[PDB]
């Protein structure tokens, strides 16, 4: 890790834990600095305020409190911090897609995009909108990280959970896979499986992944991954509308997806890409995205049940992560590998939310 930085006391708790993986940290930091400390379509105070709205969806006081202070240091009108109603109508129009991005991105529709781009006194342009979608999803994914790693307040360790053999069964089952129409059914099975001051910055506070207005667990509709991908569709849309941010996102997605030390717990010299692919593809499954050429049976073979409960809680209900839940899975793995799982999951989650929003923009433009 970036040890001298981490133990210096000069960067915040979140960045300290990110430093555990220097190759991801660089990509994280570049986007962070772009969004919050580089001139762009939106003014500094608007961007911090948009981030407060995003973090409030998950009741994340670490991130709300952090952006509240920056908003004020950068010249934001303090009255906006009394709640959304005091904020410009342009910022308020973002509430619906904030909520949907955070909890049910598959519900994002071109009619949502239409309401946003609607001609009026203060209209969203496409570069402004794209920067705001990136801001919203970035702080949603960061709320996952904050809760999943037990990141402590800056007020008076950086984590309540970290502190800066079934492994052999797992390693064996990985080797089997490498050596080698129910496939649509195995996806459906994995997807249907079920496991206060901030209130003034949101609409519909109790809206979440699970729909309690209906019986039975949450099952998003199935989306065929190939219909709209990052590599072929989404990346290209963002580099056209927000060039300086698409490249940095693409680099972050690949930095996380390919990150490896070729270690598995106490063990070395192991290809772990089947395992990491299953963590990624499970999370995308949770958001309804199906990859054709993937056997979703691999998820249950590779991801123990305590790991799936943790992954799904951190991605869909981060407020509800506990130390016990963090401790219960992968008992013999290193802490850094737990942090690694959290990186994979925030990136998988963010790409899914983004792609649904980007698909909706594309459908609107046609």
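Positions refer to the first chain, counted from 1.
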query: Deposited-sequence gap flanked by residue 164 and residue 165; finding: 10 or more
query: Size class of the missing deposited segment between residue 156 and residue 157; finding: 10 or more
query: Of 186 to 194 and 96 to 104, the stretch whose C-alpha atoms average the higher B-factor in the entry; finding: 186 to 194
query: Mean Cα B-factor comparison, 208 to 216 or 283 to 291, giving the higher one as deposited; finding: 208 to 216
query: Residue selected from 247, 143, 131, 176 by maximal Cα B factor; finding: 176
query: Candidate set 252, 224, 112, 90 [ranked by C-alpha B-factor, highest]; finding: 224
query: Assigned third (lowest, middle, highest) for the C-alpha B factor of residue 138; finding: lowest
query: Chain thirds of CA B-factor: placement of residue 328; finding: highest
query: Ranked C-alpha temperature factor of residue 270 among modelled chain residues, by third; finding: highest
query: Chain third (lowest, middle, highest) by recorded CA B-factor, residue given as residue 305; finding: highest
query: Chain thirds of CA B-factor: placement of residue 41; finding: lowest
